[PDB]
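Next up: just one chain, as structure tokens, the form deposited in one PDB entry.
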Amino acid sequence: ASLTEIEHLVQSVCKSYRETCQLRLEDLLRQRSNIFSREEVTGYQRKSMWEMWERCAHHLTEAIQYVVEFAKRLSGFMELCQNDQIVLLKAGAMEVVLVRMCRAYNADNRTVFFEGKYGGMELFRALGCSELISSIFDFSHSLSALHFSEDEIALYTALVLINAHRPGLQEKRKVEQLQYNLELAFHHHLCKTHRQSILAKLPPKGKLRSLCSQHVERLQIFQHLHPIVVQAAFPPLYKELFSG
């Protein structure tokens, strides 16, 4: 690939991302002072474990649906065989959502935009997965500190998805070429914008994997305690990706 071509790829990834945002960044910033009251937080804590799990699984599924659309719009993804597309989305959808989540995280007061307002991690207490929640908050805090631009999130999440090391890929060399092209697009944009200082500050290899594994582990405990709730009221796409 050449310079005009690499920049054409930068523009394309950024457009694909902006078109597949569930939440507008400006809407998330303008909602910062709309914080849940102590009474509303208490209301969330009083909810049953199953009710809170179902609400969160549904919100995650909705976020995953936008990630599926991002993949479909991503240059080179629809050219890969259906097996590889499914492999990349099954391993990467949740990882992309985890990165996208830093935009809904306010690092000034440690709050997240959830169901119309901002609330602290105490909001999720009824889930019974405090370690997982605090880790996702800490991860969101770490990305927020980097001051990620929308274009940086677009390029970085395109690379979270197009990972040639995913077990099960049939056309591995084809995914490797698409990955190298997106890596150049990413690194060229950081170089052009004087943002190469962030490379060393980006999450370590295995961190996104660790969060996804913990999510799957906590879902398996929850499923063991409430199997009918999962079977009857969890979204079909969520069960397909995380249950089995």
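Shifts are known only where both forms have a C-alpha. So that there is no doubt, residue numbering starts at 1 and follows the sequence shown. Between two forms, the rigid core is the largest collection of C-alphas that superpose within 1.5 Å.
Stretches 74-82 and 147-155 differ in mean C-alpha B factor, with the higher average recorded for 74-82. Stretch comparison (201-209 versus 177-185) by mean CA B-factor in the PDB entry places 201-209 on top. Per-chain ranking of the deposited C-alpha B factor places residue 12 in the lowest third. Among all modelled residues in its chain, residue 214 ranks in the middle third by Cα B-factor.
Among the modelled residues of the chain, residue 66 sits in the lowest third by CA temperature factor in this PDB entry. In the PDB entry, residue 30 places in the middle third of its chain by CA B-factor.
When the modelled residues of the chain are ordered by C-alpha B-factor, residue 58 sits in the lowest third.
Omitted from view is the form deposited in another entry, to which the following refers.
Residue showing a CA shift of 2 Å or more between this form and the one not shown (rigid core superposed; candidates 219, 60, 67, 175): 219. Once the cores line up, the CA of residue 25 ends up less than 2 angstroms apart between this form and the one not shown. By 3 Å or more, the C-alpha separation between residue 62 and residue 222 shrinks in that other deposited form relative to the form shown here. Relative to the displayed conformation, the Cα-Cα distance from residue 62 to residue 229 shrinks by 3 Å or more in that other deposited form.
In sequence order, 219-234 is the sole run of at least 3 consecutive residues whose Cα positions differ by 2 Å or more between this form and the one not shown once the rigid core is superposed.
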